[PDB]
Amino acid sequence: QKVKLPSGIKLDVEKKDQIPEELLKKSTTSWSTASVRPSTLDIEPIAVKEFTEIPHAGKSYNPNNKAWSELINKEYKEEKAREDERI
Amino acid sequence: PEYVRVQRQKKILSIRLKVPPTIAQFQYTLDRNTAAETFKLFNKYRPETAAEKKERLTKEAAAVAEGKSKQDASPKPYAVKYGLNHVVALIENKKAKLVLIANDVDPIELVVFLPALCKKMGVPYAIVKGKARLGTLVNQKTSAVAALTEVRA
Amino acid sequence: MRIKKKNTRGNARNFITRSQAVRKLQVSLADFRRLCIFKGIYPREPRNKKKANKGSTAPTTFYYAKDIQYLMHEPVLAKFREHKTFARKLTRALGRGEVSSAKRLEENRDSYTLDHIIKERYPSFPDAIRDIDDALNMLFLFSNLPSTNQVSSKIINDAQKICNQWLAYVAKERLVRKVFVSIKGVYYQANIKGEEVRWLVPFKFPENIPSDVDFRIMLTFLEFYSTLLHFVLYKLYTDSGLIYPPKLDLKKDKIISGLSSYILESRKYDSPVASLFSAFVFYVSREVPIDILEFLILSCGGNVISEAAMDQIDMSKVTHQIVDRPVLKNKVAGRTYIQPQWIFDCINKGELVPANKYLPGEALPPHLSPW
Amino acid sequence: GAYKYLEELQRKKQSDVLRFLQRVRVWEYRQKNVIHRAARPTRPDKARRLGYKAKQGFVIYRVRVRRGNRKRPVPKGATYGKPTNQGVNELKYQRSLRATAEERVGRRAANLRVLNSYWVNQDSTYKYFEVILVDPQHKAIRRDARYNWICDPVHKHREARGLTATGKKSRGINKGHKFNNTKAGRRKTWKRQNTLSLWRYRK
Amino acid sequence: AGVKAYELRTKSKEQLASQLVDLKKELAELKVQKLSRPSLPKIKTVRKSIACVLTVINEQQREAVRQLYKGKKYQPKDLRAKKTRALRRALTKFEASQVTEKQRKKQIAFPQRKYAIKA
RNA sequence: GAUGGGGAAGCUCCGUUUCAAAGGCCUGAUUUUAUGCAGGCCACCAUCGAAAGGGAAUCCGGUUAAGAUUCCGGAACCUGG
RNA sequence: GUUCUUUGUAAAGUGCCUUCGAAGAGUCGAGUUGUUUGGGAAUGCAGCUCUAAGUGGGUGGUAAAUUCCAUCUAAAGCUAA
RNA sequence: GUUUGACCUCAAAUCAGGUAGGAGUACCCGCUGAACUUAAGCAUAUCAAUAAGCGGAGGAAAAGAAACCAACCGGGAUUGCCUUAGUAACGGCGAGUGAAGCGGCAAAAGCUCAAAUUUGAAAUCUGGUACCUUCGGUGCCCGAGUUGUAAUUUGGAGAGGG
């Protein structure tokens, strides 16, 4: 049952009580190798845009007309702004 | 850098000086098409590698102890002869059908005698281009000379 | 202390640029981008940029210096260096030739794997079952699309097997609560031990590689999520408690290649959707999509026979016949005839609707998402 | 073998083949540093007989030394003494240049021990020597009984005490009537024969 | 007076740390008394008690460290034998009893025979 | 006055930016070879050498057997984040 | 002294016959300069110029040539008292 | 092929592991090197191949199995003592300087490369790593090495063939 130290000297052991607590915690060699995962990894990535994973339900196949019309009407406003800016 | 300067100038230094005739017989050499045909022949006669050698030792123990033989069950080995001292020794017997001599080699004095020695004995020698090429066929980095003494029917 | 100099401290310390990261790691940019997905270190905005970059206003990617100091160790990073040598020593073997030494070098090597980096990033099972949502989309994406350069077959044939494992667990253990067909494929929803998991299977249609999109990112994400879903499927199978990984019958696989292949084996349900369609036998026709129907009929426990299977080569016990043609001829008096809309509408309520509605060649009630 | 062809050909130094090599090589060596590491022997045959072996922990080192006489370092060319001291440039130095070459690489490469040295080329200013050194810490040397003797700490700095081939010539150690003043040591036999022995019962 | 070594070896590592801090507090209490007094004989024992505890903590640590480095080439230089410098250099029994293959045959064929002059 | 170098049997001597590969910055789906670094930019030189040269920023009042532009009270300024 | 393994048609020595029997170069040697010795016409060492042979080479304490005889086998190395 | 790849030489790492310096210095191995002094006052000489200066070692060092001494009915690695001897020899053949062979004893011990094809198999070796009986051993894997590592052979001999 092996263990890596901070120093990285690979050694086979039986019973992980047998190794002392000071040796695994503190540094014997100059180039010690982690242990502690930082705070700054655990925070989330920054929301650019808003992605909505739930679909619109106009996009259904066999939709109801009140939804399907409201799907077209909202993106027609997106498009016609760009066509105005184009012309 | 100094090392780059010196190696370029050394090359230049050789060409500007008149060179003695025994040297610079080298640099006249086997052509690419003839050289290509030479290597076909030699690669078929590649020597047994270290991995194969290990395998061959295990196979002989299984056969030889149980039935018979002095390792004589194993067939004849045909391969090229790479050591300079060995090939010079092969010449003068004289057993060697072809000798290939690399054009390069840092001592130079090492191989200057070999063209003349081959002529006197009457071995059919050649001066193939590059020592690293000779190395490849014989599983060495560089081989200096390579001679083929025997041949399949 | 003396006067202290400016661009050492603060924002200037906290962040570093991708140039500086890739330099300090000494990795190169191809393989820096991979490690930042395995870890994963994500890019940042500093609030005051002109402090951070000396003081360019200029478009830049910053990273947190501490995140790259944690990356600097990391026993994957060694196996990237070990590969770099292995490639160099293979080129020598070929470039002497000397082939069998390269054939040895092929065998004697140890490919990196992410197992430590999974179980530190997600400790553990409710945390992973949170994010496994994001994995399932891309595996079902990459399972469908056709093999090329920039992809190769083995990556896709991994993803097919890893997904067809996931379907068979959900079909056996019966967790399909919301269904929603769309134009963009089919969304499902499944309540795998507490948290609910939405995921999108595309329709099986032969399309299409744009060649704007970078695969040399997305294959690393796929390689990460393939190993993630291995460790989840290992746990889910044994806790159920079936054997992992499940063996697959070949002569079955040569009929359809899908969910009816794979067979699951050992060492009443949460209701009400599971044990719909019990004592209930479907004969699905040729025209309909087998790949999204058999899944829902097995995962809401009932029996299927397909027309699509028959071409390889009973109708005794069959109750229902799913078909969606304009005209149909001739129909049997005992059998019920419906359109696959019925199956999608039944599951979302979990009532069983009347089959007087629907039926060919009639017009429909609409569909409605459950969201 | 290479042996006889190389040995014989090396002796013909003023042959046209060898002098071309001599002229080309001296220029090459002069561009490089005074002491520097040589990748292999220039003369494989000559190193082999002096006891180079092509295995790990056998080192060759090329070195350059100024020709000519030993100047005394008195200031302003001034004697301060009798006119027996004579001209200052005509003092000669009792060790060779070959031996001075072994000492300089000995001080550079202190972990190694100097086995031998062989002459390679010369020029009006500079002689050139290729020195052959052995590493006694390397385990190929320490194992195998033919070269473990050099690991023993009596053989620290052979060159400095003058136990190399060049040094034993310079001290003047051979057998016979010619070498009476120096045989067991020059200062030893001096100290022996210029000392009054006196026994208890006086002879 | 004060602590004994044979007692401390049986105690665990967490107990020895608590033992040391208790003695160090008790030392600091005594040095406040010492400046008021001429003389304070108890202070000699408690400083030697501190030294006894530190020695036992070190000796427990090192013997554990020897056992996890046991049975492998290379180990820390303090754990290697000191000897003297020249004996640290210079040939081991294997690198010395080692003899060339010609010499090995010659000793088998012709060793130093045992004999005596009389009859 | 080290280093790179060069002298000297040698203790060491010359030389100080010199006949040195003398580091640290930007960009990168460098677009295909599908798990290996590519394309560029910049240009002299270790260190020591001033309690009187150069140099960020503090004043008043109080206080001690013996201390203060350094403690106490109040009122200021400087540097970096 | 006791006790366990035996390795081995393995390794090493010995007689007679018959072809081979390889052996160290800017070295040896000589000239000149300085030094050194009891070494004397040059004992040893060093620099600089010249520089060999293989039935050869060195030495044989008086100068050379001619012809003999004797004696060792250099220019690589280890080793207790 | 305006590409990819073999080698050669030369670099760089807080790369893996080693090692050198300084002290002591009576004795030992080298280098360098005076003068006082003694000779009539002295430039040969002598003091002295000495003191001071510098380099390098060990319990001893150095020396060592003859390119020796001899001219005998020849001896037989090296060192030391007694003797050879105040002799041969050197020197204003002045002052002075000054060996060696044999002989008797103390102690005694011999050997190794280079150079000859293993060519029916580089048979050789460092390192890493996994186990073990750990001054080390076995297996697997990177390398060194044919511009030559092992075995056989050192002139007393010897090798191959019978």
# chains A, B, ... in the order shown; residues from 1 in each chain; ligands from 1

$ interface_residues --of "chain D" --to "chain F" --cutoff "10 Å" --atoms "only C-alpha atoms (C1' of nucleotides)" --output "list in words"
residues 33, 34, 70, 73, 93, 94, 95, 100 and 103 of chain D

$ select_by_dssp --residues "stretch 12-55 of chain A" --states "alpha helix (DSSP H)" --output "CSV table (one decimal) with N, CA, C and O atoms, in the first residue's frame"
chain,number,residue,atom,x,y,z
A,21,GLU,N,3.0,11.5,11.2
A,21,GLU,CA,2.2,12.6,10.7
A,21,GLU,C,3.0,13.8,10.3
A,21,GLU,O,2.6,14.6,9.5
A,22,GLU,N,4.2,14.0,11.0
A,22,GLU,CA,5.1,15.1,10.7
A,22,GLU,C,5.7,15.0,9.3
A,22,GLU,O,5.9,16.1,8.6
A,23,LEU,N,6.1,13.8,8.9
A,23,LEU,CA,6.8,13.6,7.6
A,23,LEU,C,5.9,13.8,6.4
A,23,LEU,O,6.4,14.4,5.4
A,24,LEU,N,4.7,13.4,6.4
A,24,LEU,CA,3.7,13.6,5.3
A,24,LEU,C,3.2,15.1,5.3
A,24,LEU,O,2.9,15.6,4.2
A,25,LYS,N,3.1,15.8,6.4
A,25,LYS,CA,2.7,17.2,6.5
A,25,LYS,C,3.8,18.1,6.0
A,25,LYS,O,3.7,18.8,5.1
A,39,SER,N,-8.4,27.7,-2.9
A,39,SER,CA,-9.7,28.4,-2.9
A,39,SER,C,-10.1,28.8,-4.3
A,39,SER,O,-11.2,28.6,-4.8
A,40,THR,N,-9.1,29.3,-5.1
A,40,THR,CA,-9.4,30.0,-6.4
A,40,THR,C,-9.8,29.0,-7.5
A,40,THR,O,-10.4,29.5,-8.5
A,41,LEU,N,-9.5,27.7,-7.3
A,41,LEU,CA,-10.1,26.7,-8.2
A,41,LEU,C,-11.6,26.5,-8.0
A,41,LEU,O,-12.3,26.2,-9.0
A,42,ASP,N,-12.1,26.6,-6.8
A,42,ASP,CA,-13.4,26.1,-6.4
A,42,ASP,C,-14.5,27.1,-6.9
A,42,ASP,O,-15.7,26.7,-7.0

$ closest_atom_pairs --of "chain H" --to "chain C" --cutoff "9 Å" --atoms "only C-alpha atoms (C1' of nucleotides)" --output "tab-separated table"
residue	atom	partner	partner_atom	distance
H:5	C1'	C:95	CA	5.6
H:6	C1'	C:95	CA	6.3
H:141	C1'	C:108	CA	9.0

$ write_last_selection --atoms "C-alpha atoms (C1' of nucleotides)" --output "PDB file, in the first residue's frame"
ATOM      1  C1'   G H   5      14.892  11.521 -40.591  1.00  0.00           C
ATOM      2  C1'   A H   6      19.802   9.272 -39.441  1.00  0.00           C
ATOM      3  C1'   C H 141      13.801  -1.879 -19.437  1.00  0.00           C
TER       4        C H 141
END

$ interface_residues --of "chain B" --to "chain C" --cutoff "10 Å" --atoms "only C-alpha atoms" --output "list in words"
residues 43, 46, 49, 51, 52, 132, 133, 135, 136, 137, 139, 140 and 141 of chain B

$ write_last_selection --atoms "C-alpha atoms" --output "compact mmCIF listing (two decimals), in the first residue's frame"
# COMPACT_ATOMS: atom_id res chain seq x y z
CA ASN B 43 19.84 -5.16 -45.40
CA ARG B 46 21.17 -7.62 -41.18
CA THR B 49 19.65 -8.04 -32.78
CA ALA B 51 16.17 -9.01 -28.61
CA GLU B 52 16.43 -11.88 -31.13
CA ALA B 132 25.94 6.57 -40.14
CA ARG B 133 24.40 4.70 -43.10
CA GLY B 135 25.76 1.94 -38.79
CA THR B 136 22.06 1.51 -39.60
CA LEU B 137 22.45 -1.76 -41.48
CA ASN B 139 22.58 -1.85 -35.62
CA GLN B 140 25.28 0.62 -34.56
CA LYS B 141 25.32 4.42 -34.45

$ residues_around --residues "stretch 58-65 of chain G" --least-positions-apart "3" --cutoff "9 Å" --atoms "only C-alpha atoms (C1' of nucleotides)" --output "JSON, numbers by chain"
{"D": [177, 178], "G": [28, 39, 41, 43, 70, 71, 72, 73, 74], "H": [67, 70]}

$ interface_residues --of "chain E" --to "chain D" --cutoff "10 Å" --atoms "only C-alpha atoms" --output "compact mmCIF listing (two decimals) with N, CA, C and O atoms, in the first residue's frame"
# COMPACT_ATOMS: atom_id res chain seq x y z
N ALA E 86 37.66 9.04 4.80
CA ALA E 86 38.46 8.12 4.00
C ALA E 86 37.87 6.72 3.93
O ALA E 86 37.94 6.07 2.88
N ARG E 89 34.91 6.82 1.48
CA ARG E 89 35.54 6.52 0.19
C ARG E 89 36.14 5.13 0.29
O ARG E 89 36.02 4.48 1.32
N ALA E 90 36.80 4.68 -0.77
CA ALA E 90 37.65 3.47 -0.70
C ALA E 90 36.84 2.19 -0.58
O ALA E 90 35.70 2.19 -0.10
N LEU E 91 37.45 1.10 -1.01
CA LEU E 91 36.71 0.04 -1.66
C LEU E 91 35.99 -0.83 -0.63
O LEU E 91 36.56 -1.16 0.41
N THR E 92 34.75 -1.18 -0.95
CA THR E 92 33.99 -2.14 -0.16
C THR E 92 34.56 -3.55 -0.34
O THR E 92 35.40 -3.77 -1.22
N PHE E 94 33.27 -6.28 -1.50
CA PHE E 94 33.00 -6.76 -2.85
C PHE E 94 33.94 -6.15 -3.89
O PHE E 94 34.38 -6.85 -4.79
N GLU E 95 34.26 -4.85 -3.77
CA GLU E 95 35.11 -4.16 -4.75
C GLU E 95 36.61 -4.31 -4.42
O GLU E 95 37.37 -3.35 -4.51
N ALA E 96 37.04 -5.52 -4.07
CA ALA E 96 38.34 -5.72 -3.43
C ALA E 96 38.68 -7.21 -3.38
O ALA E 96 39.74 -7.62 -3.85
N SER E 97 37.77 -8.00 -2.83
CA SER E 97 37.80 -9.46 -2.99
C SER E 97 37.59 -9.90 -4.44
O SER E 97 38.05 -10.97 -4.83
N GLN E 98 36.84 -9.09 -5.21
CA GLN E 98 36.87 -9.13 -6.68
C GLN E 98 38.27 -9.29 -7.26
O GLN E 98 39.18 -8.51 -6.95
N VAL E 99 38.41 -10.32 -8.10
CA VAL E 99 39.67 -10.66 -8.75
C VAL E 99 39.39 -11.04 -10.21
O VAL E 99 38.32 -11.57 -10.53
N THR E 100 40.36 -10.77 -11.08
CA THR E 100 40.22 -11.08 -12.51
C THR E 100 40.18 -12.59 -12.78
O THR E 100 40.62 -13.40 -11.97
N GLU E 101 39.64 -12.95 -13.94
CA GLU E 101 39.19 -14.32 -14.22
C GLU E 101 40.36 -15.29 -14.45
O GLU E 101 40.23 -16.49 -14.21
N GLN E 103 43.31 -14.92 -12.69
CA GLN E 103 43.78 -15.11 -11.31
C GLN E 103 42.94 -16.12 -10.51
O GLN E 103 43.46 -16.81 -9.65

$ atom_distance --atom1 "atom CA of residue C:177" --atom2 "atom CA of residue C:360"
26.5 Å

$ interface_residues --of "chain B" --to "chain H" --cutoff "7 Å" --atoms "only C-alpha atoms (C1' of nucleotides)" --output "ChimeraX atom specification"
/B:3,76-77,82-83,86,89,132,141

$ write_last_selection --atoms "N, CA, C and O atoms" --output "PDB file, in the first residue's frame"
ATOM      1  N   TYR B   3      31.962  27.386 -31.905  1.00  0.00           N
ATOM      2  CA  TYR B   3      31.925  26.021 -32.425  1.00  0.00           C
ATOM      3  C   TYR B   3      31.411  25.962 -33.859  1.00  0.00           C
ATOM      4  O   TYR B   3      31.932  25.195 -34.661  1.00  0.00           O
ATOM      5  N   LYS B  76      22.716 -22.135 -39.936  1.00  0.00           N
ATOM      6  CA  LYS B  76      23.894 -21.268 -40.093  1.00  0.00           C
ATOM      7  C   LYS B  76      23.466 -19.795 -40.029  1.00  0.00           C
ATOM      8  O   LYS B  76      22.403 -19.452 -40.549  1.00  0.00           O
ATOM      9  N   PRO B  77      24.284 -18.924 -39.396  1.00  0.00           N
ATOM     10  CA  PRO B  77      24.035 -17.484 -39.463  1.00  0.00           C
ATOM     11  C   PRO B  77      24.816 -16.802 -40.583  1.00  0.00           C
ATOM     12  O   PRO B  77      26.039 -16.942 -40.656  1.00  0.00           O
ATOM     13  N   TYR B  82      31.310  -6.150 -38.979  1.00  0.00           N
ATOM     14  CA  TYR B  82      31.288  -4.687 -38.835  1.00  0.00           C
ATOM     15  C   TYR B  82      32.551  -4.121 -38.213  1.00  0.00           C
ATOM     16  O   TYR B  82      32.894  -2.961 -38.455  1.00  0.00           O
ATOM     17  N   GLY B  83      33.233  -4.914 -37.402  1.00  0.00           N
ATOM     18  CA  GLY B  83      34.394  -4.422 -36.701  1.00  0.00           C
ATOM     19  C   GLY B  83      35.542  -4.192 -37.655  1.00  0.00           C
ATOM     20  O   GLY B  83      35.783  -5.008 -38.536  1.00  0.00           O
ATOM     21  N   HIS B  86      38.357  -6.843 -37.142  1.00  0.00           N
ATOM     22  CA  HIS B  86      37.818  -8.072 -37.703  1.00  0.00           C
ATOM     23  C   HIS B  86      37.846  -8.092 -39.239  1.00  0.00           C
ATOM     24  O   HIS B  86      38.254  -9.090 -39.838  1.00  0.00           O
ATOM     25  N   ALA B  89      41.274  -8.292 -40.518  1.00  0.00           N
ATOM     26  CA  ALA B  89      41.607  -9.707 -40.349  1.00  0.00           C
ATOM     27  C   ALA B  89      40.937 -10.613 -41.384  1.00  0.00           C
ATOM     28  O   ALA B  89      41.555 -11.567 -41.845  1.00  0.00           O
ATOM     29  N   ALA B 132      27.214   6.812 -40.809  1.00  0.00           N
ATOM     30  CA  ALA B 132      25.935   6.571 -40.139  1.00  0.00           C
ATOM     31  C   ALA B 132      25.054   5.585 -40.901  1.00  0.00           C
ATOM     32  O   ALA B 132      24.374   4.766 -40.288  1.00  0.00           O
ATOM     33  N   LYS B 141      25.409   3.010 -34.090  1.00  0.00           N
ATOM     34  CA  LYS B 141      25.320   4.424 -34.453  1.00  0.00           C
ATOM     35  C   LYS B 141      26.178   4.717 -35.680  1.00  0.00           C
ATOM     36  O   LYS B 141      25.704   5.348 -36.622  1.00  0.00           O
TER      37      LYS B 141
END

$ residues_around --residues "stretch 307-322 of chain C" --least-positions-apart "5" --cutoff "8 Å" --atoms "only C-alpha atoms (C1' of nucleotides)" --output "list in words"
residues 255, 256, 280, 281, 282, 283, 284, 285, 286, 288, 290, 334, 335, 336, 337, 338, 339 and 340 of chain C

$ write_last_selection --atoms "C-alpha atoms" --output "PDB file, in the first residue's frame"
ATOM      1  CA  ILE C 255     -29.843  -6.952 -35.860  1.00  0.00           C
ATOM      2  CA  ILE C 256     -30.170  -3.347 -34.593  1.00  0.00           C
ATOM      3  CA  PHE C 280     -48.687  -4.416 -22.685  1.00  0.00           C
ATOM      4  CA  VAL C 281     -46.979  -5.396 -25.951  1.00  0.00           C
ATOM      5  CA  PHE C 282     -45.965  -2.972 -28.735  1.00  0.00           C
ATOM      6  CA  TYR C 283     -45.389  -3.811 -32.402  1.00  0.00           C
ATOM      7  CA  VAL C 284     -43.571  -0.697 -33.690  1.00  0.00           C
ATOM      8  CA  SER C 285     -43.650  -0.343 -37.497  1.00  0.00           C
ATOM      9  CA  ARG C 286     -40.765   0.225 -39.952  1.00  0.00           C
ATOM     10  CA  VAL C 288     -41.129   5.183 -37.050  1.00  0.00           C
ATOM     11  CA  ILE C 290     -36.902   2.768 -33.270  1.00  0.00           C
ATOM     12  CA  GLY C 334     -58.023  -7.078 -31.746  1.00  0.00           C
ATOM     13  CA  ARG C 335     -55.086  -4.678 -32.158  1.00  0.00           C
ATOM     14  CA  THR C 336     -55.007  -0.980 -31.174  1.00  0.00           C
ATOM     15  CA  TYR C 337     -53.527   1.544 -33.647  1.00  0.00           C
ATOM     16  CA  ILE C 338     -51.833   4.775 -32.460  1.00  0.00           C
ATOM     17  CA  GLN C 339     -49.220   7.426 -33.331  1.00  0.00           C
ATOM     18  CA  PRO C 340     -46.000   7.840 -31.292  1.00  0.00           C
TER      19      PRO C 340
END

$ interface_residues --of "chain F" --to "chain B" --cutoff "12 Å" --atoms "only C-alpha atoms (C1' of nucleotides)" --output "list in words"
residues 19, 20 and 21 of chain F

$ write_last_selection --atoms "C-alpha atoms (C1' of nucleotides)" --output "PDB file, in the first residue's frame"
ATOM      1  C1'   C F  19      37.825  37.531 -29.471  1.00  0.00           C
ATOM      2  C1'   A F  20      31.604  34.424 -24.531  1.00  0.00           C
ATOM      3  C1'   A F  21      25.775  30.275 -27.177  1.00  0.00           C
TER       4        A F  21
END
